[PDB]
Amino acid sequence: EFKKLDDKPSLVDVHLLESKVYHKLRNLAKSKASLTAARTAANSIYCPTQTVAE
Amino acid sequence: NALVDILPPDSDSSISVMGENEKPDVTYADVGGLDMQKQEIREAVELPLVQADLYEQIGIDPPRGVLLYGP
Amino acid sequence: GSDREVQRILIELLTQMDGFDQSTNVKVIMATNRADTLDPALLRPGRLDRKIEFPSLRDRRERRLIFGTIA
Amino acid sequence: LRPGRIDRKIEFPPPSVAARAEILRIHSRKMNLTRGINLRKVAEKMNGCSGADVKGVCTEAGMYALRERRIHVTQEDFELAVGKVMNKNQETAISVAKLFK
Amino acid sequence: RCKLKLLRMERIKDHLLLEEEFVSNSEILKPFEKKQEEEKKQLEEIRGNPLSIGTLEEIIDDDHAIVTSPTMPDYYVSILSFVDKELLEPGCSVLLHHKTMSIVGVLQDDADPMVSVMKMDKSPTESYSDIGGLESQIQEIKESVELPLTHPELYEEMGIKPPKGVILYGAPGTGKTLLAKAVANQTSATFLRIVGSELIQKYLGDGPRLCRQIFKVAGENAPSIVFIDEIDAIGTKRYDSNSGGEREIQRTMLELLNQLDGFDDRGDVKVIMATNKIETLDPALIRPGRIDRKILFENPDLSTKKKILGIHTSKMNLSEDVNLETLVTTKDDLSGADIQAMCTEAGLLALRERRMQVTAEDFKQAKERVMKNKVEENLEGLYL
Amino acid sequence: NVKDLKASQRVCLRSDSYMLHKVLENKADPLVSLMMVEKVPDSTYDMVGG
Ligand SMILES: Nc1ncnc2c1ncn2[C@@H]1O[C@H](COP(=O)(O)OP(=O)(O)OP(=O)(O)O)[C@@H](O)[C@H]1O
Ligand SMILES: [Mg+2]
């Protein structure tokens, strides 16, 4: 929904949560896919130190 | 001057392969930045080698040649 | 005539570039150092579809990477 | 432009939104989408100015479904693809980003 | 209508030409006489098999020449001496024998694609009175270009040298471009036509060589009319700055003086120049005695505009609607290309109807569009 | 023969003296030089649709 409302650096977090959920369900295919998305989104410069650490 | 034998499409090379005999001196552990182009080069190069059929079963045409340009 | 041999060689690139297409292989990679040397029958899609730009500006995390991999 | 040598002069409009939807639809029959993805919906997110801009939404969307690794092009790909081209559309409408370095 | 019979008369003679020629070849051609048969025996003795074209560099006067072949070895050739020893000159293409090289013979003509550009491939079927009107400014091109070639009789009577050259200029759409093509259709003299925008190349020094060629062909062909279409396109047109530019423009101008008359003393060439910018031309070219009378064109007046519109409406279908006489009235000292564009556009309005009657209504709608290229390609519109 | 031979027809020659032998089935077309080196497909009106 927040792709209609995209202005958000707060979906960077949502991607990282998404990766953790998939990892513990023990699929690494889509844990990798979301993690890749999260790396791309943090390449743009607004990200906290905490956010980069996660 | 007559066609008396043939030569295979392997022999009469311009120069042999350098991708199964020699190997380049660069990997992406010694590439730093250009992360923006790093997303673009695996679309073009890496995905058709592993399975060219990905594009076809989606129904999008695979890109043709890659131009790299810059200063 | 000698400059027409150069042109004849470019024409064979087009012929073999077209013939190669829709095959498992990676369609030809070529790089340039000046993007003012192109022609409108070389840069045209069906020979060069994808255009990976190379900047010198990038951004602060990606320039950070270049200092760090050579470090 | 001397009159006597030109007897037809044909303009091409930067599209309507009625025209911009049908250009999406011509390209989407090459593609395989998930059923229930309206392309009238995509053309209204766009404002475009060429039939290439909407040709690039279709292209970018099928490269996003390439990354995803599903056969079907998803509805998610067409949200993101609109926004990629729209950003690129508005970034040559300022003074022009370079296409050749 | 009813020219059918004239078409059939013409046709019948074409049928008779086809017939007589075919039958003549077949056992009455030249197959059974000894002044061909015994002459060719000893013609073929010294002829090949290969006939190995050469390029004639220079002659030597002892019955030899130095040729350089296209295949790269030179030969110091002899000359058999039945082909007429001195009738061959540098730039000729020569037939050399398959063995020891003698000039077996000499080819006159070898078609280059570079004289194709000048030479015609189409006939300009519109001739006199399809450019009708300007009947006072056609006595300065058919009393000094067409007419001396047709009648040297009148010019033997006065003596002195016949007229040489003309320059046409005036406002666009006064028929300037077609006038030249219309006098050369009728005389049937050697019509070279060269565009003004091909003299300027993005390559240097080979520009003047092209212009030099054009007049050598003219002098080689005794009755000669050279239309240089557009030589205002030499001072408004330039490419790159290292092979176009000023230097190129100076060189070409000067080449043309030598060609046209200069020192050459060549065959009678009439020159016809279309221009409307008459200071792109040398102060050694717009003096007369090379270009004798000068022709000014003004826009045709109202009764001349009746003549111009009458060429166009013989092709137009007509109606009881049509009123020609009011179409002229609105136009005031306007060009004959506006009138030509109105009727072509009036036929475009007919076509849209999908009807084959062209009426007064179709002409007047097209008249307002034709005057719109003069009031709205002007963005001030009404003079501010 | 010369009435069965014509301009822009590729021939075969036999190098005994370059004796014209047969016509060559394939000959060059200069228009294909232009269009091929350019490379330009045909379209229908469905790729202008809209
Ligand atoms: N007197 C006329 N009668 C018939 N048609 C004319 C006449 N004058 C000009 N036209 C037409 O006007 C058009 C342009 O004139 P033309 O090309 O002969 O030379 P121009 O005066 O150099 O003009 P331009 O090169 O700008 O068209 C042609 O289609 C020609 O047939
Ligand atoms: Mg003209």
# chains A, B, ... in the order shown; residues from 1 in each chain; ligands from 1
call {"tool": "select_by_dssp", "arguments": {"residues": "chain D", "states": "alpha helix (DSSP H)", "output": "mmCIF file with C-alpha atoms, in the first residue's frame"}}
result
data_model
loop_
_atom_site.group_PDB
_atom_site.id
_atom_site.type_symbol
_atom_site.label_atom_id
_atom_site.label_comp_id
_atom_site.auth_asym_id
_atom_site.auth_seq_id
_atom_site.Cartn_x
_atom_site.Cartn_y
_atom_site.Cartn_z
ATOM 1 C CA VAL D 17 -4.652 8.782 -21.510
ATOM 2 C CA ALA D 18 -7.066 6.896 -23.744
ATOM 3 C CA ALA D 19 -4.178 6.461 -26.245
ATOM 4 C CA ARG D 20 -1.581 5.734 -23.558
ATOM 5 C CA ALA D 21 -3.628 2.761 -22.254
ATOM 6 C CA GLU D 22 -3.821 1.109 -25.675
ATOM 7 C CA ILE D 23 -0.066 1.386 -26.175
ATOM 8 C CA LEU D 24 0.371 -0.459 -22.866
ATOM 9 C CA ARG D 25 -2.118 -3.052 -24.110
ATOM 10 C CA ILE D 26 -0.328 -3.647 -27.419
ATOM 11 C CA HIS D 27 2.889 -4.595 -25.628
ATOM 12 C CA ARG D 40 -6.132 1.318 -17.851
ATOM 13 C CA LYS D 41 -5.019 1.517 -14.238
ATOM 14 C CA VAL D 42 -1.345 1.827 -15.253
ATOM 15 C CA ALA D 43 -1.962 4.628 -17.821
ATOM 16 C CA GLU D 44 -3.662 6.757 -15.208
ATOM 17 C CA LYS D 45 -0.716 6.563 -12.881
ATOM 18 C CA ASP D 53 7.491 5.878 -22.011
ATOM 19 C CA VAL D 54 4.752 3.282 -21.756
ATOM 20 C CA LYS D 55 6.890 0.923 -23.773
ATOM 21 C CA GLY D 56 9.396 1.251 -20.935
ATOM 22 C CA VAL D 57 6.888 0.477 -18.197
ATOM 23 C CA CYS D 58 6.218 -2.871 -19.889
ATOM 24 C CA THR D 59 9.946 -3.486 -20.361
ATOM 25 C CA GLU D 60 10.951 -2.595 -16.809
ATOM 26 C CA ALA D 61 8.030 -4.615 -15.370
ATOM 27 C CA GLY D 62 9.159 -7.734 -17.141
ATOM 28 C CA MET D 63 12.680 -7.188 -15.911
ATOM 29 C CA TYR D 64 11.250 -6.928 -12.397
ATOM 30 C CA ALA D 65 9.407 -10.232 -12.946
ATOM 31 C CA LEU D 66 12.722 -11.539 -14.213
ATOM 32 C CA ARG D 67 14.367 -10.686 -10.875
ATOM 33 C CA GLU D 68 11.415 -12.032 -8.912
ATOM 34 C CA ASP D 77 5.899 -4.853 -10.863
ATOM 35 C CA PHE D 78 3.594 -2.325 -12.519
ATOM 36 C CA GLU D 79 3.453 -0.100 -9.496
ATOM 37 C CA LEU D 80 7.213 0.097 -9.290
ATOM 38 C CA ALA D 81 7.771 0.260 -13.057
ATOM 39 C CA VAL D 82 5.462 3.283 -13.402
ATOM 40 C CA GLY D 83 7.442 5.061 -10.706
ATOM 41 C CA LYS D 84 10.855 4.280 -12.226
ATOM 42 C CA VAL D 85 9.890 5.682 -15.617
ATOM 43 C CA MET D 86 7.996 8.611 -14.062
ATOM 44 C CA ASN D 87 11.137 9.595 -12.142
ATOM 45 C CA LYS D 88 13.118 9.257 -15.373
ATOM 46 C CA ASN D 89 10.362 11.161 -17.274
ATOM 47 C CA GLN D 90 10.523 14.133 -14.935
#
call {"tool": "residues_near_ligand", "arguments": {"ligand": "ligand 2", "cutoff": "8 Å", "atoms": "only C-alpha atoms and all ligand atoms", "output": "list in words"}}
result
residues 172, 173, 175, 176, 177, 178 and 229 of chain E
call {"tool": "residues_near_ligand", "arguments": {"ligand": "ligand 1", "cutoff": "8 Å", "atoms": "only C-alpha atoms and all ligand atoms", "output": "ChimeraX atom specification"}}
result
/D:2-5 /E:129-134,170-179,274-275,300,304-305,307-309,311-312,335-341
call {"tool": "interface_residues", "arguments": {"of": "chain D", "to": "chain C", "cutoff": "12 Å", "atoms": "only C-alpha atoms", "output": "MDAnalysis selection string"}}
result
chainID D and resid 59:60 97:101
call {"tool": "write_last_selection", "arguments": {"atoms": "N, CA and C atoms", "output": "mmCIF file, in the first residue's frame"}}
result
data_model
loop_
_atom_site.group_PDB
_atom_site.id
_atom_site.type_symbol
_atom_site.label_atom_id
_atom_site.label_comp_id
_atom_site.auth_asym_id
_atom_site.auth_seq_id
_atom_site.Cartn_x
_atom_site.Cartn_y
_atom_site.Cartn_z
ATOM 1 N N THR D 59 8.602 -2.926 -20.333
ATOM 2 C CA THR D 59 9.946 -3.486 -20.361
ATOM 3 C C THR D 59 10.506 -3.654 -18.965
ATOM 4 N N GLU D 60 10.395 -2.600 -18.155
ATOM 5 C CA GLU D 60 10.951 -2.595 -16.809
ATOM 6 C C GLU D 60 10.207 -3.568 -15.902
ATOM 7 N N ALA D 97 18.778 15.136 -18.602
ATOM 8 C CA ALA D 97 19.886 14.265 -18.227
ATOM 9 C C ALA D 97 20.541 13.719 -19.482
ATOM 10 N N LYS D 98 21.864 13.532 -19.424
ATOM 11 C CA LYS D 98 22.625 13.003 -20.546
ATOM 12 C C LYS D 98 22.309 11.541 -20.804
ATOM 13 N N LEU D 99 22.393 11.177 -22.084
ATOM 14 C CA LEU D 99 22.199 9.806 -22.505
ATOM 15 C C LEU D 99 23.526 9.240 -23.016
ATOM 16 N N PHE D 100 24.530 10.112 -23.211
ATOM 17 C CA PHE D 100 25.827 9.774 -23.774
ATOM 18 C C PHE D 100 26.801 10.613 -22.978
ATOM 19 N N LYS D 101 27.874 9.995 -22.529
ATOM 20 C CA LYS D 101 28.805 10.627 -21.643
ATOM 21 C C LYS D 101 29.949 11.167 -22.496
#
call {"tool": "residues_around", "arguments": {"residues": "residue 49 of chain B", "least_positions_apart": "4", "cutoff": "8 Å", "atoms": "only C-alpha atoms", "output": "short mmCIF file (atom, residue, chain, number, x, y, z; two decimals) with N, CA and C atoms, in the first residue's frame"}}
result
data_model
loop_
_atom_site.label_atom_id
_atom_site.label_comp_id
_atom_site.auth_asym_id
_atom_site.auth_seq_id
_atom_site.Cartn_x
_atom_site.Cartn_y
_atom_site.Cartn_z
N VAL B 45 23.85 -10.38 -18.37
CA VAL B 45 24.91 -11.35 -18.59
C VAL B 45 24.57 -12.63 -17.88
N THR C 24 21.21 -19.09 -26.84
CA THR C 24 21.50 -19.18 -25.41
C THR C 24 22.51 -18.15 -24.94
N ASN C 25 23.54 -17.92 -25.75
CA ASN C 25 24.68 -17.05 -25.53
C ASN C 25 24.33 -15.62 -25.11
N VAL C 26 25.33 -14.92 -24.59
CA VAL C 26 25.25 -13.52 -24.19
C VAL C 26 25.57 -12.71 -25.42
#
call {"tool": "residues_around", "arguments": {"residues": "segment 13-24 of chain F", "least_positions_apart": "4", "cutoff": "12 Å", "atoms": "only C-alpha atoms", "output": "list in words"}}
result
residues 1 of chain B; 48, 49, 50, 51, 52, 98 and 99 of chain E; 1, 2, 4, 5, 6, 7, 8, 9 and 28 of chain F
call {"tool": "select_by_dssp", "arguments": {"residues": "segment 20-50 of chain C", "states": "strand (DSSP E or B)", "output": "PyMOL selection string"}}
result
chain C and resi 29-31+48-50
call {"tool": "closest_atom_pairs", "arguments": {"of": "chain B", "to": "chain D", "cutoff": "6 Å", "atoms": "only C-alpha atoms", "output": "tab-separated table"}}
result
residue	atom	partner	partner_atom	distance
B:57	CA	D:71	CA	5.9
B:58	CA	D:71	CA	4.6
B:59	CA	D:31	CA	4.5
B:60	CA	D:31	CA	5.8
B:70	CA	D:101	CA	5.1
call {"tool": "write_last_selection", "arguments": {"atoms": "C-alpha atoms", "output": "PDB file, in the first residue's frame"}}
result
ATOM      1  CA  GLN B  57       8.541 -18.079 -20.385  1.00  0.00           C
ATOM      2  CA  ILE B  58       7.821 -14.510 -19.078  1.00  0.00           C
ATOM      3  CA  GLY B  59       7.268 -13.363 -22.680  1.00  0.00           C
ATOM      4  CA  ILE B  60       9.681 -10.412 -22.539  1.00  0.00           C
ATOM      5  CA  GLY B  70      31.516   6.651 -19.986  1.00  0.00           C
TER       6      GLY B  70
END
call {"tool": "interface_residues", "arguments": {"of": "chain B", "to": "chain C", "cutoff": "10 Å", "atoms": "only C-alpha atoms", "output": "PyMOL selection string"}}
result
chain B and resi 29-38+40-41+44-53+56+61-71
call {"tool": "write_last_selection", "arguments": {"atoms": "N, CA, C and O atoms", "output": "tab-separated table (two decimals), in the first residue's frame"}}
result
chain	number	residue	atom	x	y	z
B	29	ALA	N	34.55	-9.03	-5.73
B	29	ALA	CA	35.08	-8.84	-4.39
B	29	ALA	C	36.20	-7.81	-4.43
B	29	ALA	O	36.73	-7.44	-3.39
B	30	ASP	N	36.56	-7.36	-5.63
B	30	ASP	CA	37.60	-6.37	-5.87
B	30	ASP	C	37.02	-5.27	-6.72
B	30	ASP	O	37.76	-4.37	-7.14
B	31	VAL	N	35.73	-5.35	-7.00
B	31	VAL	CA	34.96	-4.20	-7.41
B	31	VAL	C	34.47	-3.51	-6.15
B	31	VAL	O	33.98	-4.17	-5.23
B	32	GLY	N	34.63	-2.19	-6.10
B	32	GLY	CA	34.05	-1.33	-5.09
B	32	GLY	C	32.67	-0.84	-5.48
B	32	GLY	O	31.70	-1.60	-5.40
B	33	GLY	N	32.54	0.44	-5.85
B	33	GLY	CA	31.26	1.05	-6.14
B	33	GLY	C	30.74	0.72	-7.53
B	33	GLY	O	31.18	-0.24	-8.17
B	34	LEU	N	29.80	1.55	-8.02
B	34	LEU	CA	28.98	1.26	-9.20
B	34	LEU	C	28.01	0.14	-8.87
B	34	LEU	O	27.91	-0.87	-9.56
B	35	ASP	N	27.33	0.33	-7.76
B	35	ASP	CA	26.33	-0.60	-7.27
B	35	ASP	C	25.08	-0.46	-8.13
B	35	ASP	O	24.28	-1.40	-8.25
B	36	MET	N	24.88	0.75	-8.68
B	36	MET	CA	23.76	1.04	-9.57
B	36	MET	C	23.89	0.22	-10.87
B	36	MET	O	22.89	-0.27	-11.40
B	37	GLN	N	25.12	0.08	-11.43
B	37	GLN	CA	25.40	-0.77	-12.60
B	37	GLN	C	25.52	-2.25	-12.25
B	37	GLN	O	25.59	-3.08	-13.16
B	38	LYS	N	25.62	-2.57	-10.96
B	38	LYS	CA	25.80	-3.95	-10.53
B	38	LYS	C	24.48	-4.69	-10.62
B	38	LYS	O	24.44	-5.89	-10.91
B	40	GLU	N	22.38	-3.87	-12.96
B	40	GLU	CA	22.09	-3.96	-14.38
B	40	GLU	C	22.89	-5.04	-15.10
B	40	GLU	O	22.43	-5.53	-16.14
B	41	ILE	N	24.07	-5.41	-14.61
B	41	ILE	CA	24.92	-6.32	-15.38
B	41	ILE	C	24.53	-7.79	-15.18
B	41	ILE	O	24.73	-8.61	-16.08
B	44	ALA	N	21.60	-8.78	-17.71
B	44	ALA	CA	22.05	-8.91	-19.08
B	44	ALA	C	22.94	-10.12	-19.31
B	44	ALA	O	22.87	-10.76	-20.36
B	45	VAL	N	23.85	-10.38	-18.37
B	45	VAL	CA	24.91	-11.35	-18.59
B	45	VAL	C	24.57	-12.63	-17.88
B	45	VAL	O	24.52	-13.71	-18.49
B	46	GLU	N	24.33	-12.50	-16.57
B	46	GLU	CA	24.31	-13.63	-15.66
B	46	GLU	C	23.01	-14.43	-15.80
B	46	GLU	O	23.04	-15.66	-15.77
B	47	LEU	N	21.87	-13.76	-16.00
B	47	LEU	CA	20.63	-14.51	-16.09
B	47	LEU	C	20.42	-15.30	-17.38
B	47	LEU	O	19.78	-16.34	-17.31
B	48	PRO	N	20.90	-14.89	-18.57
B	48	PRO	CA	20.72	-15.76	-19.75
B	48	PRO	C	21.65	-16.95	-19.81
B	48	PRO	O	21.36	-17.89	-20.56
B	49	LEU	N	22.77	-16.95	-19.10
B	49	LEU	CA	23.66	-18.10	-19.13
B	49	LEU	C	23.07	-19.24	-18.33
B	49	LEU	O	23.07	-20.39	-18.78
B	50	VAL	N	22.57	-18.93	-17.13
B	50	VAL	CA	22.04	-19.97	-16.25
B	50	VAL	C	20.77	-20.59	-16.82
B	50	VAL	O	20.51	-21.78	-16.59
B	51	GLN	N	19.92	-19.79	-17.48
B	51	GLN	CA	18.70	-20.25	-18.13
B	51	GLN	C	18.29	-19.06	-18.96
B	51	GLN	O	17.87	-18.04	-18.41
B	52	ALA	N	18.46	-19.19	-20.28
B	52	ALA	CA	17.97	-18.20	-21.22
B	52	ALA	C	16.46	-18.22	-21.27
B	52	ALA	O	15.84	-17.26	-21.75
B	53	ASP	N	15.85	-19.31	-20.78
B	53	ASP	CA	14.43	-19.53	-20.97
B	53	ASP	C	13.62	-18.65	-20.04
B	53	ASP	O	12.40	-18.56	-20.21
B	56	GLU	N	11.87	-15.91	-22.05
B	56	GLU	CA	10.89	-16.51	-22.95
B	56	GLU	C	9.60	-16.95	-22.25
B	56	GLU	O	8.49	-16.69	-22.74
B	61	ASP	N	11.25	-10.02	-24.39
B	61	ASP	CA	12.44	-10.35	-25.17
B	61	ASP	C	13.71	-10.15	-24.37
B	61	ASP	O	13.78	-9.23	-23.56
B	62	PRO	N	14.71	-11.03	-24.53
B	62	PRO	CA	15.98	-10.78	-23.85
B	62	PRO	C	16.67	-9.63	-24.55
B	62	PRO	O	16.68	-9.60	-25.79
B	63	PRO	N	17.20	-8.65	-23.83
B	63	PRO	CA	18.07	-7.68	-24.49
B	63	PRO	C	19.08	-8.30	-25.42
B	63	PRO	O	19.50	-9.45	-25.27
B	64	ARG	N	19.48	-7.50	-26.39
B	64	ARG	CA	20.56	-7.83	-27.30
B	64	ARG	C	21.82	-7.27	-26.66
B	64	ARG	O	22.16	-7.67	-25.55
B	65	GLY	N	22.62	-6.55	-27.42
B	65	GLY	CA	23.96	-6.24	-26.99
B	65	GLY	C	23.98	-5.24	-25.85
B	65	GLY	O	23.04	-4.48	-25.63
B	66	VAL	N	25.10	-5.23	-25.13
B	66	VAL	CA	25.34	-4.31	-24.03
B	66	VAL	C	26.38	-3.32	-24.52
B	66	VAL	O	27.41	-3.71	-25.09
B	67	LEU	N	26.09	-2.04	-24.31
B	67	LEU	CA	26.98	-0.93	-24.54
B	67	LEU	C	27.39	-0.56	-23.13
B	67	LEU	O	26.53	-0.45	-22.25
B	68	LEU	N	28.67	-0.38	-22.91
B	68	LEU	CA	29.14	0.24	-21.70
B	68	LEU	C	29.73	1.52	-22.22
B	68	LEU	O	30.42	1.49	-23.24
B	69	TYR	N	29.39	2.64	-21.61
B	69	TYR	CA	29.96	3.90	-22.06
B	69	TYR	C	30.24	4.78	-20.86
B	69	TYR	O	29.67	4.58	-19.78
B	70	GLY	N	31.11	5.77	-21.06
B	70	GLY	CA	31.52	6.65	-19.99
B	70	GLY	C	32.87	7.28	-20.25
B	70	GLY	O	33.58	6.89	-21.18
B	71	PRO	N	33.24	8.28	-19.44
B	71	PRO	CA	34.59	8.88	-19.50
B	71	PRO	C	35.63	7.87	-19.01
B	71	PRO	O	35.36	7.12	-18.07
call {"tool": "interface_residues", "arguments": {"of": "chain A", "to": "chain B", "cutoff": "12 Å", "atoms": "only C-alpha atoms", "output": "tab-separated table (two decimals) with N, CA, C and O atoms, in the first residue's frame"}}
result
chain	number	residue	atom	x	y	z
A	36	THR	N	18.00	-8.24	-0.88
A	36	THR	CA	18.56	-7.51	-2.01
A	36	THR	C	17.83	-6.19	-2.20
A	36	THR	O	18.44	-5.15	-2.45
A	37	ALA	N	16.50	-6.23	-2.03
A	37	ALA	CA	15.65	-5.05	-2.12
A	37	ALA	C	16.03	-4.04	-1.05
A	37	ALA	O	16.05	-2.82	-1.30
A	39	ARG	N	18.96	-3.70	0.52
A	39	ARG	CA	20.26	-3.11	0.22
A	39	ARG	C	20.16	-1.96	-0.77
A	39	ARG	O	20.81	-0.92	-0.60
A	40	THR	N	19.40	-2.18	-1.85
A	40	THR	CA	19.11	-1.15	-2.85
A	40	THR	C	18.48	0.10	-2.27
A	40	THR	O	18.80	1.21	-2.70
A	41	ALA	N	17.53	-0.07	-1.36
A	41	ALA	CA	16.80	1.05	-0.78
A	41	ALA	C	17.64	1.86	0.17
A	41	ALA	O	17.27	2.99	0.51
A	42	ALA	N	18.73	1.30	0.67
A	42	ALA	CA	19.51	1.99	1.68
A	42	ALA	C	20.73	2.62	1.06
A	42	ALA	O	21.40	3.44	1.72
A	43	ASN	N	21.03	2.22	-0.17
A	43	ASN	CA	21.95	2.93	-1.04
A	43	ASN	C	21.61	4.41	-1.17
A	43	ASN	O	22.51	5.25	-1.25
A	44	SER	N	20.32	4.74	-1.27
A	44	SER	CA	19.91	6.13	-1.16
A	44	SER	C	20.13	6.65	0.25
A	44	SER	O	19.87	5.95	1.23
call {"tool": "closest_residue", "arguments": {"among": "C:38, C:57, C:11, C:71", "to": "chain F", "atoms": "only C-alpha atoms"}}
result
C:11
call {"tool": "interface_residues", "arguments": {"of": "chain A", "to": "chain D", "cutoff": "9 Å", "atoms": "only C-alpha atoms", "output": "PDB file with N, CA and C atoms, in the first residue's frame"}}
result
ATOM      1  N   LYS A   3       3.526   1.665  -1.541  1.00  0.00           N
ATOM      2  CA  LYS A   3       4.075   2.008  -2.856  1.00  0.00           C
ATOM      3  C   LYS A   3       3.180   3.016  -3.585  1.00  0.00           C
ATOM      4  N   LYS A   4       1.830   3.038  -3.324  1.00  0.00           N
ATOM      5  CA  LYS A   4       1.038   4.242  -3.661  1.00  0.00           C
ATOM      6  C   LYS A   4       1.421   5.426  -2.812  1.00  0.00           C
ATOM      7  N   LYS A  30      13.721 -16.306  -1.114  1.00  0.00           N
ATOM      8  CA  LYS A  30      12.989 -15.081  -1.003  1.00  0.00           C
ATOM      9  C   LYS A  30      13.463 -14.328   0.219  1.00  0.00           C
ATOM     10  N   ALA A  33      15.884 -12.480  -1.832  1.00  0.00           N
ATOM     11  CA  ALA A  33      15.243 -11.512  -2.708  1.00  0.00           C
ATOM     12  C   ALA A  33      14.867 -10.247  -1.948  1.00  0.00           C
TER      13      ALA A  33
END
